[PDB]
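Notes follow once the structure below has been shown.
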Amino acid sequence: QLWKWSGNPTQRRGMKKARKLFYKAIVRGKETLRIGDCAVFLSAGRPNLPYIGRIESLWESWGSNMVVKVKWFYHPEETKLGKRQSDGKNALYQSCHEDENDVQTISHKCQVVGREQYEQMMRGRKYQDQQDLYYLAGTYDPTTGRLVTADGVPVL
């Protein structure tokens with residue numbers, strides 16, 4: 001019931017300069033999590049719906065501190081605009097705003113696919129409101145507040 005490293009690491013420096021050992025993947029029993037896969041985390045603050053992010057760099061510092069750098073997704077409720085009318089279920093807005101967190105705060109691996117792929121996948125199972133599959137709806141920048149659709153269309 002914990003996340004452990006998987007595979008040989010590589011030593012490097014910098015990245016807020018000090019020394020660390022960067023790994024490529026973590027494992028929790030049956031579950032695997034490689035760099036590039038999307039993961040739902042364990043959130044507790046004021047953000048509305050669960051934080052979901054893409055892993056960019058896993059490392060361990062001196063003292064066995066497991067740190068994961070995450071590029072954040074954004075639910076429609078977390079933007080400066082509310083859930084757009086007819087936005088869709090399980091919509092995620094891509095962002096290029098990243099930060100570091102603890103590796104053990106990862107709830108479970110998830111998938112982020114296109115809208116048509118999302119609707120083709122979620123066609124049968126009656127238990128639809130899950131937390132394992134989401135669809136990309138566009139790009140959101142928290143610094144500017146601007147957000148565009150999955151086709152490059154800014155909104156108001």
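Labels for the structure tokens follow display order: chains A, B, ..., residues from 1 in each chain, ligands from 1.
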Could you pull out all residues of chain A with a DSSP call of helix (DSSP H, G or I) and give them as a list in words?
->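 The residues of chain A classed as helix (DSSP H, G or I) are residues 76, 77, 78, 103, 104, 105, 115, 116, 117, 118, 119, 120 and 121 of chain A.
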Per DSSP on the backbone, filter chain A down to the residues in strand (DSSP E) and report them as a ChimeraX atom specification.
-> /A:4-6,10-13,19-23,25-28,31-34,38-41,52-61,65-74,91-102,106-113,133-140,147-149
Any idea what's packed within 10 Å of stretch 18-21 of chain A, counting only C-alpha atoms, ignoring anything in its chain fewer than 3 positions away? Could you give it as an MDAnalysis selection string?
-> chainID A and resid 8:15 58:62 64:67
Go ahead and save the picked residues with N, CA, C and O atoms, as a short mmCIF file (atom, residue, chain, number, x, y, z; two decimals), in the first residue's frame.
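The resulting file, out.cif, is shown below:
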```cif
data_model
loop_
_atom_site.label_atom_id
_atom_site.label_comp_id
_atom_site.auth_asym_id
_atom_site.auth_seq_id
_atom_site.Cartn_x
_atom_site.Cartn_y
_atom_site.Cartn_z
N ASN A 8 16.64 1.05 -12.40
CA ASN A 8 17.86 1.73 -11.99
C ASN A 8 17.73 3.24 -12.22
O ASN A 8 17.16 3.66 -13.23
N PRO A 9 18.24 4.06 -11.31
CA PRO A 9 18.10 5.52 -11.46
C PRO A 9 19.29 6.17 -12.15
O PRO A 9 20.17 5.48 -12.68
N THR A 10 19.32 7.50 -12.15
CA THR A 10 20.41 8.28 -12.70
C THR A 10 20.61 9.52 -11.84
O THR A 10 19.65 10.22 -11.54
N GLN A 11 21.86 9.78 -11.45
CA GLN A 11 22.15 10.91 -10.58
C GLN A 11 22.23 12.20 -11.39
O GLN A 11 22.73 12.21 -12.52
N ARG A 12 21.75 13.29 -10.81
CA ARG A 12 21.81 14.60 -11.46
C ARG A 12 21.69 15.68 -10.39
O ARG A 12 21.65 15.39 -9.19
N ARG A 13 21.62 16.94 -10.83
CA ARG A 13 21.61 18.08 -9.92
C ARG A 13 20.61 19.12 -10.41
O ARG A 13 19.90 18.91 -11.41
N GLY A 14 20.54 20.24 -9.69
CA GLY A 14 19.66 21.34 -10.06
C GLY A 14 18.22 21.10 -9.63
O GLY A 14 17.92 20.29 -8.76
N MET A 15 17.32 21.87 -10.26
CA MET A 15 15.88 21.69 -10.13
C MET A 15 15.36 21.98 -8.73
O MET A 15 14.41 21.34 -8.27
N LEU A 58 10.34 12.00 -11.74
CA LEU A 58 10.36 11.39 -10.42
C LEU A 58 11.80 11.34 -9.92
O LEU A 58 12.71 10.97 -10.66
N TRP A 59 12.00 11.72 -8.66
CA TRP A 59 13.35 11.67 -8.10
C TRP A 59 13.28 11.47 -6.59
O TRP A 59 12.23 11.61 -5.96
N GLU A 60 14.44 11.14 -6.03
CA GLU A 60 14.65 11.03 -4.59
C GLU A 60 15.84 11.89 -4.21
O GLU A 60 16.89 11.83 -4.86
N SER A 61 15.69 12.69 -3.15
CA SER A 61 16.76 13.52 -2.64
C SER A 61 17.44 12.81 -1.47
O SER A 61 17.09 11.70 -1.09
N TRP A 62 18.44 13.48 -0.89
CA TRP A 62 19.11 12.93 0.28
C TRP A 62 18.14 12.89 1.45
O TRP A 62 17.49 13.89 1.78
N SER A 64 15.89 10.04 1.55
CA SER A 64 14.81 9.18 1.07
C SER A 64 13.50 9.96 0.91
O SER A 64 12.42 9.47 1.23
N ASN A 65 13.61 11.18 0.40
CA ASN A 65 12.44 12.01 0.12
C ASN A 65 12.00 11.77 -1.32
O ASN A 65 12.68 12.20 -2.26
N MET A 66 10.88 11.08 -1.49
CA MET A 66 10.35 10.80 -2.82
C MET A 66 9.55 12.00 -3.32
O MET A 66 8.52 12.35 -2.73
N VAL A 67 10.02 12.62 -4.40
CA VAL A 67 9.41 13.83 -4.94
C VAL A 67 9.00 13.56 -6.39
O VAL A 67 9.74 12.91 -7.14
#
```
Got a sec: who's within 10 Å of residue A:57, counting only C-alpha atoms, leaving out chain neighbours fewer than 2 positions off, as a PyMOL selection string?
-> chain A and resi 22-25+34-36+54-55+59+67-71+100
Of the candidates A:78, A:37, A:99, A:56, which shows the shortest atom-to-atom distance to residue A:132, using only C-alpha atoms?
-> A:37
Proximity check stretch 7-76 of chain A to stretch 106-120 of chain A, 8 Å, nearest pairs one decimal Å, only C-alpha atoms, as a tab-separated table:
```
residue	atom	partner	partner_atom	distance
A:31	CA	A:109	CA	7.9
A:33	CA	A:109	CA	6.8
A:37	CA	A:109	CA	7.2
A:38	CA	A:110	CA	5.5
A:39	CA	A:109	CA	4.3
A:40	CA	A:108	CA	5.4
A:41	CA	A:106	CA	4.2
A:42	CA	A:107	CA	5.6
```
Atomic distance atom CA of residue A:130 - atom CA of residue A:89, expressed in Å with one decimal |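 If I compute the distance from atom CA of residue A:130 to atom CA of residue A:89, I get 9.9 Å.
Nearest to residue A:83 of all the residues A:30, A:125, A:137, A:46 is A:137, based on only C-alpha atoms.
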Shell of 10 Å around residue A:1, only C-alpha atoms, local chain residues under 2 positions omitted, as JSON, numbers by chain = {"A": [3, 4, 28, 29, 104]}
Best match for closeness to residue A:74 among A:147, A:32, A:121, A:86, counting only C-alpha atoms =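 Closest to residue A:74, using only C-alpha atoms: A:147.
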Rank nothing, just name the residue among A:134, A:7, A:102, A:128 nearest to residue A:52, using only C-alpha atoms.
->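 Residue with the minimum atom-to-atom distance to residue A:52: A:134.
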